[PDB]
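This document starts with one chain, in the form solved without its partner chain, laid out as structure tokens.
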């Protein structure tokens, strides 16, 4: 199957804005999504720390998590689509935090091989929500790891950009507790990034 890759910002914004108009998110769901864009590091951190169990969270955060989860009943992609994410070295593991990059900002080729052994052709489970973009935006251009997610028609996926507190990210949110499979891992032309291709489940 083939996955729509947006190659133009205006095309992407237009498609996304059209999807957002159809969602019919409630007042509470919108409020929860706005807050997510302000506090995503905290929310996703707590979900990872607790392996998806929200029972011990403060009551306002439980409600927020439930409203985000519920939002995806209304937010599905109408087609196969490619989504993009940038990540820092710790995404690969604690062992990559101060080893993935040499002093030139170029990927250490030995660390790259270890990352390939750890992850290539394997599934990964993410306890947090996954913030992505419809394109490889300049925002995460400093980042050493770029992942391209292949997300199938009908999958839970929401263009939340219109109500995000921040600009320029063409942001598509994926639900928490998602699994994806790493199909391909390779160094970029200039050796400064690892490009990962993954299929969302």
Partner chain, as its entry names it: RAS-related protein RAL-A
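Residue numbers count along the first chain shown, from 1.
As for the form deposited with its partner chain bound, it is not shown, yet the points below apply to it.
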Decide yes or no: are 72, 175 and 201 jointly within 4.5 Å of its partner chain in the entry with it bound, with each residue judged by its heavy atoms? no
How about residue 164: is it within 4.5 Å of its partner chain in the entry with it bound, going by heavy atoms? yes
Consider residue 146 of the chain shown here, and say whether it contacts its partner chain in the entry with it bound, taking contact as heavy atoms within 4.5 Å. no
Please run the contact check for residue 30 against its partner chain in the entry with it bound: heavy atoms, 4.5 angstroms, yes or no? yes
How about residue 40 - does it come within 4.5 Å of its partner chain in the entry with it bound, if we only consider non-hydrogen atoms? no
